[PDB]
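Structural characterization, general
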Amino acid sequence: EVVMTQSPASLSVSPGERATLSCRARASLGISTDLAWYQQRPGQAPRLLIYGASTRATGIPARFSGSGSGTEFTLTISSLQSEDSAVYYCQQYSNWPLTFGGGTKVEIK
Amino acid sequence: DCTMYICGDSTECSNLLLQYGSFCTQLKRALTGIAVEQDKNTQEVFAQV
Amino acid sequence: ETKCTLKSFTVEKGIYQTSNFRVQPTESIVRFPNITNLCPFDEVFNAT
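Parameters and conventions
- Residues numbered from 1 in each chain as written, not as in the entry; some residues may be left out.
- Chains lettered and ligands numbered in written order.
- Part of a larger assembly, values for the part shown.
- Heavy atoms only, no water.
- Contact = heavy atoms within 4.5 Å.
- Buried area = accessible area lost by both parts, 1.4 Å probe.
- Salt bridge = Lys/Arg side-chain N within 4 Å of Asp/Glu carboxyl O.
- Nonpolar A, V, L, I, M, F, W, Y, C, P; charged D, E, K, R; others polar.
- Patch = residues over 30% accessible without salt bridge, like charges linked within 9 Å, V, L, I, M, F, W, Y side chains within 5 Å.
- Areas by Shrake-Rupley, 256 points an atom, 1.4 Å probe, with all protein chains shown as cover.
- Helix = DSSP H or I, 4+ residues; strand = E, 2+ residues; numbered from the N terminus.
- Polar contact = N/O pair within 3.5 Å; in protein donor to acceptor, adjacent residues only side chain to side chain.
- Pairing = 2+ DSSP bridges.
- Axes fitted to C-alpha atoms, helices over the stretch in contact; angles between N-to-C directions.

The record names cryo-EM as the way this model was obtained, at a resolution of 3.5 Å.

**Points about the interface of chain B and chain C**
Interface size is commonly expressed as the accessible surface area that is lost when the partners come together. Counting residues at the interface gives four residues for chain B, matched by four residues for chain C. Where chain B abuts chain C, roughly 330 Å² becomes buried across the two surfaces, and 43% of that area is made up of carbon and sulfur atoms. The largest per-residue losses of area from chain B upon contact with chain C belong to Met4(B), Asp9(B) and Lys28(B), which jointly make up 77% of the total buried on that side. Between chain B and chain C we count one salt bridge in total. Note that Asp9(B) is salt-bridged to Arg22(C), the shortest N-O span being 3.9 Å. Its residues assigned to classes, the side of chain B that touches chain C shows one nonpolar, no polar and three charged.

**Quick look at a nonpolar patch on the surface**
Where nonpolar side chains cluster on the molecular surface, the patch consists of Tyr93(A), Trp96(A) and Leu98(A) and spans about 350 Å² of accessible area. Structurally, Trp96(A) is set in the loop between β8 (87-92) and β9 (104-105).

**Thoughts on the interface of chain C and chain A**
With six residues of chain C in contact, the opposing surface of chain A contributes nine residues. Here chain C is connected to chain A by zero salt bridges. Summed over the shared surface of chain C and chain A, the result is six residue pairs in polar contact. Among the residues making up the side of chain C that touches chain A, the classes are represented as two nonpolar, two polar and two charged.

**Concerning the sheet that holds strand β7 (residues 72-77) of chain A**
Residues and elements named next belong to chain A. Strand order across the open sheet formed by four strands is β1-β3-β7-β6, with antiparallel pairing between neighbours. Each of the sheet's edge strands pairs with one partner strand only, and the pair in question is β1 (3-7) and β6 (64-69). Looking at each pair of strands side by side, their axes are set apart by 20 degrees on average, direction ignored. Alignment of β6 against β7, held across six bridges, turns out to be antiparallel. For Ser65, the partnering residue across the bridge sits in β7 and is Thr76.

So this is what it looks like as structure tokens:
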């Protein structure tokens, strides 16, 4: 099947500093920009961040930005606030082992 | 030799070749007859003394 | 074996071409290229 790795395990940056998340998938051929990013605050249900490689869905603040193609994908966030403290995921809708990311718990300094 | 010429030392080919009967017992006899005739031909000409 | 070839029980004097002899193999060897990674067939047959 297709299993992706989400590193670092837990980010730690101060507010006002850009935070970069990398989600890489172990695929011989790749995913071809068929990746999505998710946010799960404790309590309520998770909310989508970005569908596809770069484009954002309706209702997403300008603080989220996505990048990467082929096999390496990097997500960058600018101007962090207190509401950004949540577990971040990444799923690839390319093959049919439909699964989520390994789990990243970003921390605010 | 039919077995080597027709079949490349394969067991299955020989097993299928046995199904045809005696198509080489006749072929292997004409050549021996020709060889015996050739051996007699040279003797009928020179061996006269 | 000559009697078996002639399909009889009494063979007359002469020289006969009975059969053929061949040398049997000793062992079997196998040679393949050095490849270890698995083929990515799951992407082809499982496509979104």
